[PDB]
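Undergrad: Handing you a structure now.
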Amino acid sequence: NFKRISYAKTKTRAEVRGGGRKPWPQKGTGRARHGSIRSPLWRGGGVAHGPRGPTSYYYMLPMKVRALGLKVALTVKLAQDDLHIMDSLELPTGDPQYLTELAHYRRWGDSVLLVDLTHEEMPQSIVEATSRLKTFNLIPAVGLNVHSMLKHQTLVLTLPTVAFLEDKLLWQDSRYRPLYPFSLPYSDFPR
Amino acid sequence: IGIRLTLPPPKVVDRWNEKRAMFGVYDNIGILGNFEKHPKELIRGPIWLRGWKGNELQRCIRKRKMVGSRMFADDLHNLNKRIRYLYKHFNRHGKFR
Amino acid sequence: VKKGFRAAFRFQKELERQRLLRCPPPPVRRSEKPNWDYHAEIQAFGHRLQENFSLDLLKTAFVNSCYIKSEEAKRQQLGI
Amino acid sequence: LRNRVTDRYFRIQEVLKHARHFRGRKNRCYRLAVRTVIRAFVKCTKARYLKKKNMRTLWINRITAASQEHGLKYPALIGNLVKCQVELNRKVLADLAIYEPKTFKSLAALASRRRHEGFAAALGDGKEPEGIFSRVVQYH
Amino acid sequence: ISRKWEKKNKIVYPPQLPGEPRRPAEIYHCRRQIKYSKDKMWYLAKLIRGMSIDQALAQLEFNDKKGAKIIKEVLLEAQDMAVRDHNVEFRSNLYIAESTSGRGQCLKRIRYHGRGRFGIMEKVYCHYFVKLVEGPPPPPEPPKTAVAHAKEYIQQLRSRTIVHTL
Amino acid sequence: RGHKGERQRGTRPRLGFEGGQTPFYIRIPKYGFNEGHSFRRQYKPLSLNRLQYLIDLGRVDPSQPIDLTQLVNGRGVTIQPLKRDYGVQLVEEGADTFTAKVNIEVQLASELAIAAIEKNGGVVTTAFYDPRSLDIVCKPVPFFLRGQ
Amino acid sequence: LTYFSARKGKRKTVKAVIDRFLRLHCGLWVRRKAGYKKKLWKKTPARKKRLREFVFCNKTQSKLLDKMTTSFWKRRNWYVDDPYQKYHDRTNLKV
Amino acid sequence: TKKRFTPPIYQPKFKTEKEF
Amino acid sequence: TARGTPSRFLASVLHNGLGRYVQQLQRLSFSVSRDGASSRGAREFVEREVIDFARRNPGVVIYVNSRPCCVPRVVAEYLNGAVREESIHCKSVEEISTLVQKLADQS
RNA sequence: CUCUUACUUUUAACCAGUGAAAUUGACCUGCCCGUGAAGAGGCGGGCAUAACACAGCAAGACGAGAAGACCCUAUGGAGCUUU
RNA sequence: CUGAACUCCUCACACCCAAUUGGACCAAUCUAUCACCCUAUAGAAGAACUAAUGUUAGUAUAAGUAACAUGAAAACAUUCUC
RNA sequence: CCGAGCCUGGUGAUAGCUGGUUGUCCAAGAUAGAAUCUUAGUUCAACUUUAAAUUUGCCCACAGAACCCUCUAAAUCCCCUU
RNA sequence: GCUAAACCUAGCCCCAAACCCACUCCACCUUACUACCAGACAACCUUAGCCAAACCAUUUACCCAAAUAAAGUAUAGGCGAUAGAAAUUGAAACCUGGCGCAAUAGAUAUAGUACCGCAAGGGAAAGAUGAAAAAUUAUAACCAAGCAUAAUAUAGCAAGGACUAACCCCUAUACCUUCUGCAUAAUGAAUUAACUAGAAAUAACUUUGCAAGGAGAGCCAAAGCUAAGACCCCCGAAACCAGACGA
Ligand SMILES: [K+]
Ligand SMILES: [K+]
Ligand SMILES: [K+]
Ligand SMILES: [K+]
Ligand SMILES: [K+]
Ligand SMILES: [K+]
Ligand SMILES: [K+]
Ligand SMILES: [K+]
Ligand SMILES: [K+]
Ligand SMILES: [K+]
Ligand SMILES: [K+]
Ligand SMILES: [K+]
Ligand SMILES: [Mg+2]
Ligand SMILES: [Mg+2]
Ligand SMILES: [Mg+2]
Ligand SMILES: [Mg+2]
Ligand SMILES: [Mg+2]
Ligand SMILES: [Mg+2]
Ligand SMILES: [Mg+2]
Ligand SMILES: [Mg+2]
Ligand SMILES: [Mg+2]
Ligand SMILES: [Mg+2]
Ligand SMILES: [Mg+2]
Ligand SMILES: [Mg+2]
Ligand SMILES: [Mg+2]
Ligand SMILES: [Mg+2]
Ligand SMILES: [Mg+2]
Ligand SMILES: [Mg+2]
Ligand SMILES: [Mg+2]
Ligand SMILES: [Mg+2]
Ligand SMILES: [Mg+2]
Ligand SMILES: [Mg+2]
Ligand SMILES: [Mg+2]
Ligand SMILES: [Mg+2]
Ligand SMILES: [Mg+2]
Ligand SMILES: [Mg+2]
Ligand SMILES: [Mg+2]
Ligand SMILES: [Mg+2]
Ligand SMILES: [Mg+2]
Ligand SMILES: [Mg+2]
Ligand SMILES: [Mg+2]
Ligand SMILES: [Mg+2]
Ligand SMILES: [Mg+2]
Ligand SMILES: [Mg+2]
Ligand SMILES: [Mg+2]
Ligand SMILES: [Mg+2]
Ligand SMILES: [Mg+2]
Ligand SMILES: [Mg+2]
Ligand SMILES: [Mg+2]
Ligand SMILES: [Mg+2]
Ligand SMILES: [Mg+2]
Ligand SMILES: [Mg+2]
Ligand SMILES: [Mg+2]
């Protein structure tokens, strides 16, 4: 929801074409009294309480809360035997059928999320295999998130990725309250 | 009357298209990326709603300030009138004071 | 035209009820309908009546001459 | 997102099914049927009180008719049967009058006998012992 | 619009068995978009229900209403069609099984009133439906006689039970 | 919403209106309770208890001179120069249990607070920072990124 | 009261309140007595002393005054040598 | 009492001109 | 209401209980989805309840059919020819047991 | 006018063609007395009572029409006059 | 003796006050993930109409009523009447 | 429809005034007053609703609460026990 | 059985991106769309009022060139309603997307046309086969009100209790609104379909996170702080003002 922007919009009685004049006198005609043909009671009139977009849904959970969520997702996967640790993601070939057959033999479920340490250093073989698949998705460590972890039945992390995530997630537990954004220079950050 | 006599065409949704498969990736760009980028910078849309939220009166005030000078005459007129209506509604009308 | 699928499906079910009521289908044997196991039905028949029937005799009791003559005619027609 | 009711047909039929046996336009026009269906259901609820009332009125009329055939008024039969520790209710008494005419005459005779015993007791000054049918069986 | 009445002359029944009774021929005919009122047409359709084809034609030939000529025109072409295309032996051996009028597609026009006011005038159209069945016209129902009432009254007395008891 | 009146129609008067009677918040005489509030100097209190607690946990280093920067970097005090805070005032709360020897620079110091630090062999000085200087000394890195 | 300003879309303070009332951080409001400078020549000393008192407002008045002021006025302040510093916090208050 | 007159309103012509 | 609905007199099937009592429920047909969430309670009923229920009622032939379905249903058929279709959509295992037992006792 | 009458035309009624409007909560739409938001076809007590057209009538349906113009009210308008 | 929704009796129990207020459920729709003869857990919102002399469209009622129209004969040439 | 034309715009003018206000189910729920260009409305009390805290509430025994003046009133206040 | 019903496209909405701008020949400021004659006229100049202040008379927000923050602070004001800065601070920025509409919706739009008005101006309605119509004797039927098939039999808000039995018996003063109180002879409503009305701060509460700290510079803090959830309708005047159009 935080990056949702709804683009639905309707026209109020003030924005519908025309509708300026009073359609007929207040009294004497025997008809119901009306001020504008673009009233919400009229066919073709304005909308009383319709969408008024574009509308933003932005909000931010506390940084510590979002970090804790990543911990829980990793624990749930390990506790339910859906997490597998690899030394590297290098395949013998770039054929996607190999990776598909490997997952079936090892009982990895329908979909698998592959997490590498960095985008630039991803092995070419795994890049070629995953690029041609739909349920086998390769992401860098910085791209890990709860939604992708829950959408995918199996999670595969490389050993460097494991060290990467522990450093980032445990830093939240022992850190001071910020004095200014962490993007700015600190004594012991980054690393 | 008022109800269709045939079934509508079946809805085909590919749950593993590239857009759905990669939803959420980089939502922790800041936490896992040394805070070089804030997740709100991933939001795409109108220049006046990126990483910001408010009620309709606040949205209208924000849009007029940021892109009011670039709006079309008729659109800007409707915006000014909308702000006048909402100003009166929220500040004078309602159940609570 | 309104969005949605549930209302249309619900109405289709009723349109099929009315179609069937206007033109009731010809009755058929319960054996021809789904969920039928003759051997299981035979055993339950005796148990309902609290009677220790012999499954060999009970099955023969239900076989009629007309069913045998017709069963053979079908065999001859199929050259079996 | 614009939402519109898509199953209004079924909502209407929920009311109209109860109005098929009505007269006039209120058997097919919702605006008319809905009001009349509500009234019918309220009547149905309140009728449960009248049903019990009318039934007991019917039994008393039938017991009264049966009692008069034997020269007894209804209060004499009901009053004296209670004094004989006969707890037959009026529903059973009405059924007995129709389908067991000999047993009912016996009950009328019993009530009549107990009634005459009451008169003898009231006329006496306590010298006479209790009537044979006037004795009450005590429980503990 | 609906045009189901014209599709009823296309129903092919299976061959009859030797012992079954001969099935009467049924002919459905209609005329669409007649410039005439269905309310006024109903009276003419009501007149000839149950009549023989020849009696209905005679009654309509001497009626002063405009619908009479149109219905007579429909009855004649239906009679010809029955013998020509529906294997009816005798053209006179036909009777009106059904005859009714229906509402057609109508047009709206303005009718002027005084004081600048107006009304909306409808240019009315109607349909006419007829069903011809082979055979003599069915006899009319004899008036319920006194013997029938007395028998019915005693029947209701005899079906009378003791209510609200055993 | 109720039935009729101003309240069902949403047209009831503003907050504070009392029906025409001179409102409560108007019939009270004006008095200078808050006159000049935005030009009053404020000082964030720093007690000797808090100072000792920070030293015991290693969050403030007593082996080096302590000033506003070191207190802020240790998350001991939160200064808001934009809210007319002019620094920290050293308050005497906790003097009985103060044991650390420190060289500390504050803006205001009470008589008893000065005695506590000096009894233990420390030095205490009162130093003034203007609004601009206070912002820089409290958050040096954001200032260095301006290029001034 | 202005609930949403046209320029900033924010709630505004009624400055009439700031000119007459002092808010203690504990939530209490302090005011002066009406008429404490009016026709003193016809008022007795006991009455005049009562008029010079700084008195508290009740719950209903305090709730109204809180609604008529923004959060800025309810913050904790540390003015140097503030006369009302001691009264900002309550002591030995049960409920 | 001021004279009160309500002039007649003609509906759109097209609504009474449609043909088959 | 009574006037808007049909009625009947109290009766039995073949004077049931006069010479001997014969259970009128003759057949039960379940349709439980393997994966449907609405059929969770129906799957739990087929694992522990249906087998013990059949032991007690040997005169009832129970047909469990596992197939994709959004609304699991049980169809009860009686000796007199009556057919009753009852939904068990999203019902708990205890609720299903009560329903099945009610069907067994009806005529 | 006492005190009205006769005839002709129009309208009218009947046949044929064409075909509006206001109105309409639903109606299986009696009379008397009583009652009641104080004047009852609809409530209480009585009396009356097979069903359905056509032509008249104007006592009732507080009949239709126009959110009373009289009157009062609104911190509602407007025209006019003025020390 | 008759006589209530009072009370008893067999069984069950949250299941008869306007404004207002608290709470428990829920139709359909869209989205996420499921499901796969029509569903589940959630997230959303132009999210529910027996009443506004409401708006638009359809069709009734009044009503086949009010109202409307063509001088005559003839060979359709013509003549006659006004 | 000239006590001052008509059209468009400001304009979704304002209306303490009238009308209208859409799914199911349960629950609590009636009424001292004061001020007000105010009495067709409001704001504060009172009553009412929800949540929370901890401790008495109601019913009431004696003893007790005015002289002046005519009805020497029915009663009230206070109040342990229960 | 008729009248009808049903449909999924036409296009449209909100953003993003990108600055924008036409022309054959002939005619067109006089009575425009009119080949061809003596003229000389020339543009600029404070918005007002409704409304809020419960009247009203000073007053009453209206993009004006950077999101945030300073701050609803300084300050202004029948010091009332309300109005409201600056110094200083300092972020991001990859068009080809949609928890937008789908023929009463979405642009008024099939079109600024038909039609209405002297003029300014106002301003619609609607379509639906199939791969093939060079397959048109073709694509089923079923569903609103209204009718037809099929008028009616004592008695009464039209039902309920029932009953062997439709009615006869018994019980029963439509609904909404408005009121001290309505069967009221008080309001609205022929009927069907569709459309048609509760928007949000201040605090508080509930459930997470972290905790003398909380928060992804600003702010708050004597258990607080951060995040989320959850409350505030629709139609209707006579008027007022500005600029046009009309003898
Ligand atoms: K408001
Ligand atoms: K005469
Ligand atoms: K009359
Ligand atoms: K209520
Ligand atoms: K008022
Ligand atoms: K009214
Ligand atoms: K339109
Ligand atoms: K009403
Ligand atoms: K009345
Ligand atoms: K009345
Ligand atoms: K009236
Ligand atoms: K002129
Ligand atoms: Mg407008
Ligand atoms: Mg208006
Ligand atoms: Mg629109
Ligand atoms: Mg004219
Ligand atoms: Mg109202
Ligand atoms: Mg009121
Ligand atoms: Mg006449
Ligand atoms: Mg005629
Ligand atoms: Mg009377
Ligand atoms: Mg008549
Ligand atoms: Mg009446
Ligand atoms: Mg009248
Ligand atoms: Mg009036
Ligand atoms: Mg005014
Ligand atoms: Mg009783
Ligand atoms: Mg109970
Ligand atoms: Mg559901
Ligand atoms: Mg809605
Ligand atoms: Mg409706
Ligand atoms: Mg309506
Ligand atoms: Mg008439
Ligand atoms: Mg006439
Ligand atoms: Mg004439
Ligand atoms: Mg004029
Ligand atoms: Mg208004
Ligand atoms: Mg209650
Ligand atoms: Mg005054
Ligand atoms: Mg009052
Ligand atoms: Mg006490
Ligand atoms: Mg004002
Ligand atoms: Mg005035
Ligand atoms: Mg600035
Ligand atoms: Mg359109
Ligand atoms: Mg129908
Ligand atoms: Mg009766
Ligand atoms: Mg009154
Ligand atoms: Mg009454
Ligand atoms: Mg009425
Ligand atoms: Mg009125
Ligand atoms: Mg003015
Ligand atoms: Mg002239």
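Quick note on naming: the chains in the structure tokens go A, B, ... in the order shown, residues restart at 1 in each chain, and ligands are numbered from 1 in order of appearance.
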What's the 6 Å shell around residue L:36, counting only C-alpha atoms (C1' of nucleotides), without same-chain residues fewer than 5 positions away, as a ChimeraX atom specification?

TA: /F:19-21

Undergrad: Write out as JSON, numbers by chain each polymer residue (protein, DNA or RNA) that has an atom no more than 12 Å from ligand 23, with only C-alpha atoms (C1' of nucleotides) and all ligand atoms counted.

TA: {"J": [27, 29, 40, 41, 42, 60, 61, 62, 63], "M": [157, 183, 184, 185]}

Undergrad: Could you pull out the residues sitting within 10 Å of ligand 7, using only C-alpha atoms (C1' of nucleotides) and all ligand atoms, and write them as a PyMOL selection string?

TA: (chain A and resi 17+43-45) or (chain M and resi 104+107-109+123-125)

Undergrad: May I ask you to extract the residues of chain E within 9 Å of chain J, using only C-alpha atoms (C1' of nucleotides), and to give them as a PDB file with N, CA and C atoms, in the first residue's frame?

TA:
ATOM      1  N   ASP E  64     -68.598  -4.657 -39.071  1.00  0.00           N
ATOM      2  CA  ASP E  64     -68.269  -3.316 -39.534  1.00  0.00           C
ATOM      3  C   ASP E  64     -66.917  -2.814 -39.043  1.00  0.00           C
ATOM      4  N   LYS E  65     -66.248  -3.539 -38.153  1.00  0.00           N
ATOM      5  CA  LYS E  65     -64.981  -3.073 -37.615  1.00  0.00           C
ATOM      6  C   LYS E  65     -63.854  -3.306 -38.615  1.00  0.00           C
ATOM      7  N   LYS E  66     -62.842  -2.437 -38.557  1.00  0.00           N
ATOM      8  CA  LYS E  66     -61.719  -2.554 -39.479  1.00  0.00           C
ATOM      9  C   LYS E  66     -60.920  -3.827 -39.235  1.00  0.00           C
ATOM     10  N   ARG E 111     -49.506  15.603 -29.461  1.00  0.00           N
ATOM     11  CA  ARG E 111     -50.858  16.117 -29.627  1.00  0.00           C
ATOM     12  C   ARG E 111     -50.921  17.486 -28.967  1.00  0.00           C
ATOM     13  N   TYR E 112     -51.386  18.478 -29.715  1.00  0.00           N
ATOM     14  CA  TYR E 112     -51.365  19.853 -29.245  1.00  0.00           C
ATOM     15  C   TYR E 112     -52.606  20.170 -28.424  1.00  0.00           C
ATOM     16  N   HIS E 113     -52.406  20.913 -27.343  1.00  0.00           N
ATOM     17  CA  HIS E 113     -53.481  21.427 -26.513  1.00  0.00           C
ATOM     18  C   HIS E 113     -53.438  22.948 -26.525  1.00  0.00           C
ATOM     19  N   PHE E 118     -49.225  20.392 -24.234  1.00  0.00           N
ATOM     20  CA  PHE E 118     -49.235  19.295 -25.188  1.00  0.00           C
ATOM     21  C   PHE E 118     -49.482  17.977 -24.471  1.00  0.00           C
ATOM     22  N   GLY E 119     -49.866  16.975 -25.266  1.00  0.00           N
ATOM     23  CA  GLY E 119     -49.880  15.602 -24.818  1.00  0.00           C
ATOM     24  C   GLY E 119     -49.096  14.742 -25.794  1.00  0.00           C
ATOM     25  N   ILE E 120     -48.786  13.527 -25.361  1.00  0.00           N
ATOM     26  CA  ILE E 120     -48.038  12.580 -26.179  1.00  0.00           C
ATOM     27  C   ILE E 120     -49.016  11.548 -26.719  1.00  0.00           C
ATOM     28  N   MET E 121     -49.153  11.512 -28.040  1.00  0.00           N
ATOM     29  CA  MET E 121     -50.080  10.623 -28.723  1.00  0.00           C
ATOM     30  C   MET E 121     -49.328   9.390 -29.199  1.00  0.00           C
ATOM     31  N   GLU E 122     -49.916   8.219 -28.976  1.00  0.00           N
ATOM     32  CA  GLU E 122     -49.321   6.953 -29.380  1.00  0.00           C
ATOM     33  C   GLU E 122     -50.016   6.450 -30.640  1.00  0.00           C
ATOM     34  N   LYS E 123     -49.235   6.194 -31.686  1.00  0.00           N
ATOM     35  CA  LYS E 123     -49.740   5.559 -32.898  1.00  0.00           C
ATOM     36  C   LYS E 123     -49.685   4.052 -32.677  1.00  0.00           C
TER      37      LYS E 123
END

Undergrad: Let me see if you get this right: every residue at most 12 Å from ligand 37, counting only C-alpha atoms (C1' of nucleotides) and all ligand atoms, written as a VMD selection string.

TA: (chain A and resid 35) or (chain B and resid 89 93) or (chain F and resid 9 to 11) or (chain L and resid 11 to 15 17) or (chain M and resid 233 to 237)

Undergrad: Among stretch 15-147 of chain E, which ones does DSSP assign to helix (DSSP H, G or I) (computed from the backbone)? Answer as a ChimeraX atom specification.

TA: /E:38-47,53-61,66-85,146-147

Undergrad: Find the nearest atom pair between each residue of chain A and chain D for residues within 9 Å, count only C-alpha atoms, give distances in Å to one decimal, sort rows by chain and ascending number, and present the table as a Markdown table.

TA:
| residue | atom | partner | partner_atom | distance |
| --- | --- | --- | --- | --- |
| A:8 | CA | D:1 | CA | 7.1 |
| A:50 | CA | D:2 | CA | 8.6 |
| A:51 | CA | D:1 | CA | 7.9 |

Undergrad: Leaving out stretch 18-34 of chain K and any residue of its chain fewer than 3 positions from it, which residues lie within 9 Å of it when counting only C-alpha atoms (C1' of nucleotides), given as an NGL selection string?

TA: (:A and (151)) or (:C and (3-4 or 6-7)) or (:D and (1-7)) or (:F and (1-3)) or (:I and (36-37)) or (:K and (40-45 or 47-48)) or (:L and (23-29 or 48-50)) or (:M and (99))

Undergrad: I need the contact residues of chain B against chain G, so if you could list those with any atom within 7 Å, counting only C-alpha atoms, and return them as number ranges by chain, that would help.

TA: B: 58, 87, 90-91

Undergrad: Restrict the selected residues to C-alpha atoms and save them as a PDB file, in the first residue's frame.

TA:
ATOM      1  CA  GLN B  58      -4.505  19.113   1.510  1.00  0.00           C
ATOM      2  CA  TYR B  87     -12.234  25.199   2.924  1.00  0.00           C
ATOM      3  CA  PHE B  90     -14.089  21.436   6.731  1.00  0.00           C
ATOM      4  CA  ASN B  91     -13.906  24.729   8.637  1.00  0.00           C
TER       5      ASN B  91
END

Undergrad: I'd like the neighbourhood of residue G:31 as a VMD selection string, where a residue qualifies if any of its atoms comes within 8 Å (using only C-alpha atoms (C1' of nucleotides)), though same-chain residues fewer than 6 positions away should be ignored.

TA: (chain F and resid 28) or (chain G and resid 20 to 22 54 to 57)

Undergrad: Got a sec to pull out which chain M residues are within 6 Å of chain D, counting only C-alpha atoms (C1' of nucleotides), and send them as a list in words?

TA: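 Taking only C-alpha atoms (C1' of nucleotides) into account, residues 159, 160 and 161 of chain M sit within 6 Å of chain D.
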
Undergrad: Any residue with an atom at most 10 Å from ligand 6 counts, using only C-alpha atoms (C1' of nucleotides) and all ligand atoms. Which are they? Put them as a list in words.

TA: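 Going residue by residue within 10 Å of ligand 6, we get residues 67 of chain J; 18 and 19 of chain L; 177, 178, 186 and 187 of chain M.
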